[PDB]
Amino acid sequence: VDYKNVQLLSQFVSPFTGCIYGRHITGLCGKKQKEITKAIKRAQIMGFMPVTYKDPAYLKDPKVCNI
Amino acid sequence: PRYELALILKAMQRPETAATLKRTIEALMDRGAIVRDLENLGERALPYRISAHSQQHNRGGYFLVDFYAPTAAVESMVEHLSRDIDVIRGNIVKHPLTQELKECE
Amino acid sequence: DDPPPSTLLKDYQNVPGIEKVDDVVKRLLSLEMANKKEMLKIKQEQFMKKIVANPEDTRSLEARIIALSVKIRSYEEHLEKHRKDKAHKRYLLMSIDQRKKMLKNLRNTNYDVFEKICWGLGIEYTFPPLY
Amino acid sequence: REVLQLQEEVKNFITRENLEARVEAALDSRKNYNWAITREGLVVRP
Amino acid sequence: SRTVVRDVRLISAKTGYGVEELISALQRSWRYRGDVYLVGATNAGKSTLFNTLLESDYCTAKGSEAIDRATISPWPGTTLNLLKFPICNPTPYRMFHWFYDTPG
Amino acid sequence: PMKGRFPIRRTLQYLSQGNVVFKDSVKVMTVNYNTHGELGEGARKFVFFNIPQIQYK
RNA sequence: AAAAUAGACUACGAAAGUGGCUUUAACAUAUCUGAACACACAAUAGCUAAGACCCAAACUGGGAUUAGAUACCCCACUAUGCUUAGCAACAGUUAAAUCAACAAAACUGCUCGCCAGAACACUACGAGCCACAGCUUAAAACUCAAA
Ligand SMILES: [Mg+2]
Ligand SMILES: [Mg+2]
Ligand SMILES: [Mg+2]
Numbered sequence: 096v097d098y099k100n101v102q103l104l105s106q107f108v109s110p111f112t113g114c115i116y117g118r119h120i121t122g123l124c125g126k127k128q129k130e131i132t133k134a135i136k137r138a139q140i141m142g143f144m145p146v147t148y149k150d151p152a153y154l155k156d157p158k159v160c161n162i
Numbered sequence: 005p006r007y008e009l010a011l012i013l014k015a016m017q018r019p020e021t022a023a024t025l026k027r028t029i030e031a032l033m034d035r036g037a038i039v040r041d042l043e044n045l046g047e048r049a050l051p052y053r054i055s056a057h058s059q060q061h062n063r064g065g066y067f068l069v070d071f072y073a074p075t076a077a078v079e080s081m082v083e084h085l086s087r088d089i090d091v092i093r094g095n096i097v098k099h100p101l102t103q104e105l106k107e108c109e
Numbered sequence: 005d006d007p008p009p010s011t012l013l014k015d016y017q018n019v020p021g022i023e024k025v026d027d028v029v030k031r032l033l034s035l036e037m038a039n040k041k042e043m044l045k046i047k048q049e050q051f052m053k054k055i056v057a058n059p060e061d062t063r064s065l066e067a068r069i070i071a072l073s074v075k076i077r078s079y080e081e082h083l084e085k086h087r088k089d090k091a092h093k094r095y096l097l098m099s100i101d102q103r104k105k106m107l108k109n110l111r112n113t114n115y116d117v118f119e120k121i122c123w124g125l126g127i128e129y130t131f132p133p134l135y
Numbered sequence: 100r101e102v103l104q105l106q107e108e109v110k111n112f113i114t115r116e117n118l119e120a121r122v123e124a125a126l127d128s129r130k131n132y133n134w135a136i137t138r139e140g141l142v143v144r145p
Numbered sequence: 022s023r024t025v026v027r028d029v030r031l032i033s034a035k036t037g038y039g040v041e042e043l044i045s046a047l048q049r050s051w052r053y054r055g056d057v058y059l060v061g062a063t064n065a066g067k068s069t070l071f072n073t074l075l076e077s078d079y080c081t082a083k084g085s086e087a088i089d090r091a092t093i094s095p096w097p098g099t100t101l102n103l104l105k106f107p108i109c110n111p112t113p114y115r116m117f118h119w120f121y122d123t124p125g
Numbered sequence: 025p026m027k028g029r030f031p032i033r034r035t036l037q038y039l040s041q042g043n044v045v046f047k048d049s050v051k052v053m054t055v056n057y058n059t060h061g062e063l064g065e066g067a068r069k070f071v072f073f074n075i076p077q078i079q080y081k
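Chains as they are written, first to last, in the numbering used here: chain A, 96 to 162; chain B, 5 to 109; chain C, 5 to 135; chain D, 100 to 145; chain E, 22 to 125; chain F, 25 to 81.
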């Protein structure tokens, strides 16, 4: 899980608010949940990922979240 | 150790982008670094408007500079990036490849 | 004194053909481009060669004393800059206490090795106060 | 093996000699670090 | 005006009983400003009190040794050389002067 | 009840059950024993049970 | 300045405590018990010096209200909230009748500290501050058959 892979990290945020999903929604084991969380924050603060919304270019990727 | 510099440069014409890239890599080598690769991720619209050097940016070029630097270099390089006017945002991280995959089986 | 920055890392010092190598790879494989922990490992390896009879045996009391001594040197170097780091102050004071305990045990068990340790690491053993 | 890998790798490093040429080559190339994951755990290359 | 008795305080210079409370009383009021003149009779025990008060926070010490801390001066208009040490003004005079032993 | 393991050791009957009365030559007994190690078990027991009797006599 | 989501996580730290990102240092110890008196921390009161003052706010003023108004609403502004510097443990057991009750199922071993009626009772002979009239500061006797 890399902070530059914004496509993968956008598969774990809310399309309308940009909030990160929890493990009850994502289904990840807690360690990979922590990796995804830290990567998302790193990307957001380093100017790679939007924070208040999901980047529209990635709205049509496979839905891996149970929401 | 091994570091990665993620660089967000100002949306400029090719000669000036080349000049800025040469300048930053020259600074890296001046502070004792061995630059390994330089990769261009592309020119793209910023996720959000970024204010730097009294100018508002909505577009920027993304570059990656892989290098090996002595540990004391990092801080100095950060200061230099704070002074270069063509850089919206530079961040130095420990290279992801050094962090070896944990054995989660 | 610290090891020279040009010294190779402990793990890249016995690899065959390391002397037939380009200068750039030597720099990549030196203490110049590693964090402080490799320099401390090199210090420990040097002291183990200089003091103990069997440098490979690491479970001996003398080995533990040398390791704690290099750790204590690291803590003092750290606290020289972060004067208000109370956690590392606690760690330094504790580590000094256990090194004193190990020195007492070594003195009571092996006096020759005790003298060698005290000379090699520049440690002045002092008897505890009575009250 | 690590040392030999570095023997081969150090050849293609950006020195101060081939600086400008590699800078221009980077400006004439684009790399992509984006890939997607499916519910089947398969990497969907862009 | 006429002689006015402000306080009556029992002390014992040998055991230092009441000396510290005396210092506190002297350093707490507006009216105890200025020079102190330690009058008394011969066997009153003046010298012991002078030695006690000399080695205390009451004195503005510049050195530790009691030889230099106290100075000898001739009494004005006479040749009677007597000891003296400099004292502090009481506390109220910083928010908003010499000691003297006289012949017994 | 009486405190400690094996309180019978602290009874004059046990203390006088000792049968070692040293000749007049013996002045000092030093007893070197190891707290751990099976080979010294008896020695440890010697310290626990019979030293009080030897000293009493 | 302080850190929504993750966090339905329960990790790090001796404790208090720590949850924005990056980088640099960095997370003692191969048996246990053992400090009022040693060294580090930590918290809780109360005063003392200076300093900041957006906002809030005991006290203190002002405005409106029944028929002792709203103690309660509104305005203004203090102390203060801020910033410095100071004053039972440890190892093993679940076998037994577990089992005064109530809590929190009972146990052993080993060590330290502490406990032998009400009574951590009451009382100012006095002492300090004060300076004629007030404030602060106590143990013991004594008594009882209770508590
Ligand atoms: Mg202990
Ligand atoms: Mg206000
Ligand atoms: Mg204890």
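Note that CB positions come from ideal geometry on N, CA and C, so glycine has one too.
- An exposed status is given to residue 56 (chain F), since fewer than 16 other beta-carbon atoms sit within 10 Å of its beta-carbon.
- Proximity to residue 101 (chain C) across C:117, C:84, C:91, C:73 peaks at C:73, based on C-alpha coordinates.
- Excluding five sequence positions before and after residue 33 (chain B), the CB atoms of its chain that fall closer than 8 Å to its own CB belong to 39, given in chain order.
- The alpha carbon of residue 14 (chain B) has as its nearest neighbour, out of B:31, B:67, B:5, B:36, the alpha carbon of B:67.
- Close partners of residue 16 (chain C) in chain D (Cβ separation under 9 Å): 101, 102.
- Comparing alpha carbon positions, the residue from B:100, B:86, B:101 closest to residue 28 (chain B) is B:86.
- Between the region 136-154 of chain A and the region 68-80 of chain B, the count of C-beta pairs closer than 8 Å stays below three; the two stretches do not touch.
- Here residue 80 (chain C) has no same chain residue with a Cβ atom under 6 Å from its own Cβ, once five neighbours each way along the sequence are excluded.
- Ranked by Cα distance from residue 64 (chain B), the options B:84, B:47, B:83, B:107 are led by B:47.
- At least one C-beta of chain D is nearer than 8 Å to the C-beta of residue 46 (chain B).
- Inter-residue distance for residue 61 (chain C) and residue 53 (chain C) is about 11 Å (C-alpha atoms, whole angstroms).
- Taken atom to atom, the span from the alpha-carbon of residue 65 (chain C) to that of residue 126 (chain C) is near 17 Å.
- DSSP lists B:7, B:39 as the bridge partner or partners of residue 71 (chain B).
- DSSP lists B:49 as the beta-bridge partner residues of residue 63 (chain B).
- Here DSSP, grouped into helix, strand and coil, assigns residue 51 (chain C) to helix.
- Near chain A, meaning a CB-to-CB distance below 8 Å, the residues of the region 125-139 of chain D are 132, 133, 134, 135, 136, 137, 138.
- Within its own chain, the residues whose Cβ lies closer than 7 Å to the Cβ of residue 36 (chain B), once the five positions on either side in sequence are excluded, are 73, 74, 77, listed in chain order.
- The beta carbon of residue 34 (chain E) lies closer than 8 Å to those of 40, 66, 69, 70, 72, 73 in the same chain, with the five residues before and after it left out.
- With its beta carbon at least 8 Å from every one in chain C, residue 100 (chain B) lies outside the interface.
- Looking at A:154, A:149, A:157, A:130, the one whose alpha-carbon comes closest to that of residue 98 (chain A) is A:130.
- For residue 12 (chain B), DSSP records a beta bridge to B:66, B:93.
- Under DSSP, no beta-bridge partner is assigned to residue 7 (chain C).
- Within a 10 Å sphere around the beta-carbon of residue 79 (chain E) sit 16 or more other beta-carbons, which makes this residue buried.
- Chain C has a Cβ within less than 8 Å of the Cβ of residue 72 (chain B).
- For residue 131 (chain A), the enclosing alpha helix (DSSP H) starts and ends at 125-140.
- Using a C-beta cut-off of 8 Å, the region 143-158 of chain A makes no contact with the region 112-130 of chain D, since fewer than three inter-stretch Cβ pairs fall below that distance.
- A straight-line Cα-Cα distance of about 38 Å links residue 43 (chain C) and residue 101 (chain A).
- Between the region 111-119 of chain E and the region 29-37 of chain F, the count of Cβ pairs shorter than 8 Å is below three; the stretches do not touch.
- Between residue 26 (chain C) and residue 102 (chain D), the gap from beta carbon to beta carbon reaches 8 Å or more.
- According to the DSSP assignment, residue 113 (chain C) belongs to the alpha helix (DSSP H) that extends over 90-113.
- In the structure shown, the three-state DSSP call for residue 122 (chain E) is strand.
- A:126 is the residue among A:126, A:106, A:115 whose C-alpha sits nearest the C-alpha of residue 105 (chain B).
- Residue 123 (chain D) reaches chain B at 22, counting residues in chain order whose Cβ is nearer than 8 Å.
- By the neighbour-count criterion, in which a residue is buried when 16 or more other Cβ atoms sit within 10 angstroms of its Cβ, residue 44 (chain B) is buried.
- Straight-line measurement puts the Cα of residue 159 (chain A) at about 27 Å from the Cα of residue 49 (chain B).
- Nearest to residue 113 (chain E) by C-alpha distance, out of E:29, E:89, E:55, E:123, is E:55.
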